[PDB]
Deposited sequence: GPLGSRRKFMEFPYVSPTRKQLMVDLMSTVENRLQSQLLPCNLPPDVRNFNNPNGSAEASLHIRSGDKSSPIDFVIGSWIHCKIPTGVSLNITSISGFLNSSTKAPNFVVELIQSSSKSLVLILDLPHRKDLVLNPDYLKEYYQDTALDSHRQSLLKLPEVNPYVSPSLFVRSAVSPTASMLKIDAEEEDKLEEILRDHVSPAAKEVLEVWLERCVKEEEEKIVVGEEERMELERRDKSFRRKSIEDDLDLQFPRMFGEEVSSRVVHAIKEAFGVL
């Protein structure tokens, strides 16, 4: 089961369930049921070194939603330590210009947070967009509030594309606690409220209530992001984690959902 998040802490799992529940409850009427094959919703490497679940609901064509994607990945690296990734993303279609949503936690007392509403128009060409969705919404405050904590530092992605893809208000953070319980405290009292308010902004100001050429560029740009990210993050790493057989079907199903 997806919602059981069985390889992460109770605090982290609770955050992911709260988030996914909010997404599914608020967008009930505009979300289709998950149409992924059973062997793509829950899968593993034949050798047992990695395990993952995938939850994708397409949006209704008359809604602003392309799809929502939730995932957890567990990989036992040969060394003995486990990589746990938990993520929820929201993708909007070309009927709206509004930003996307992403929350991602990557953990090997150390943890990377990616929390953002990624822009879907060029911010330099379109400063009104920047004002509407980021300046008027106080999204930057979450980044700043988190950084005040001694164990929270900036995370600078090795991917220049990831750096370019996220908004100027993105919380790209590395959390380095002295113990496990300190990190857990940060998750419940700081990360959790932050992720929940960013989600609220997305639902109310982005999803909630266009130019012919504007939509054409939206799809072109949307596709460029999805295609490139899949190339960078999936094409090499999934065959490694799960084996070529399991990867081929899963990535095919992901590509189909992403429309690439």
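Could you sort out which parts of the deposited sequence are absent from the coordinates (no C-alpha) and give them as ranges from 1? Sequence ranges with no C-alpha atoms are 1-7, 116-117, 219-224, 276.
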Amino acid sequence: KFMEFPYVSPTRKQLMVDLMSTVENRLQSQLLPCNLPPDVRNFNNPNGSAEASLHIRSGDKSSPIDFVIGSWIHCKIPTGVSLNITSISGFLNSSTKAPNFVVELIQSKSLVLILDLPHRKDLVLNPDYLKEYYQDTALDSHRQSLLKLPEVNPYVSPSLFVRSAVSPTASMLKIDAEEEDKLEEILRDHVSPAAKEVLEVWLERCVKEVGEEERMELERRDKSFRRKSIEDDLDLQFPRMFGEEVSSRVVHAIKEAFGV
From here on, numbers count along this sequence of modelled residues.
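Higher-scoring stretch by recorded Cα B factor average, 184-192 or 120-128: Higher mean C-alpha B-factor in the PDB entry: 184-192.
For the C-alpha atoms alone, is the average B factor greater in 64-72 or in 23-31, going by the entry? It is 23-31.
Going by the entry, which of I88, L149, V81, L92 has the most elevated CA B factor? That would be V81, according to the entry.
Would you check the entry's CA temperature factor for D222 and let me know if it's in the chain's lowest, middle or highest third? As the PDB entry reports it, the C-alpha B-factor of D222 lands in the lowest third of its chain.
Within-chain third of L111 by Cα B-factor, per the entry: According to the entry, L111 has a C-alpha B-factor in the chain's middle third.
How does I77 rank on Cα B-factor within its chain, lowest, middle or highest third? Highest third, going by the recorded CA B-factors of the chain.
Relative to the other modelled residues in the chain, which third contains the C-alpha temperature factor of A165: lowest, middle or highest? Lowest third of the chain for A165's C-alpha B-factor.
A177 - which third its CA temperature factor falls in, relative to the rest of the chain: It belongs to the highest third of the chain when residues are ordered by C-alpha B-factor.
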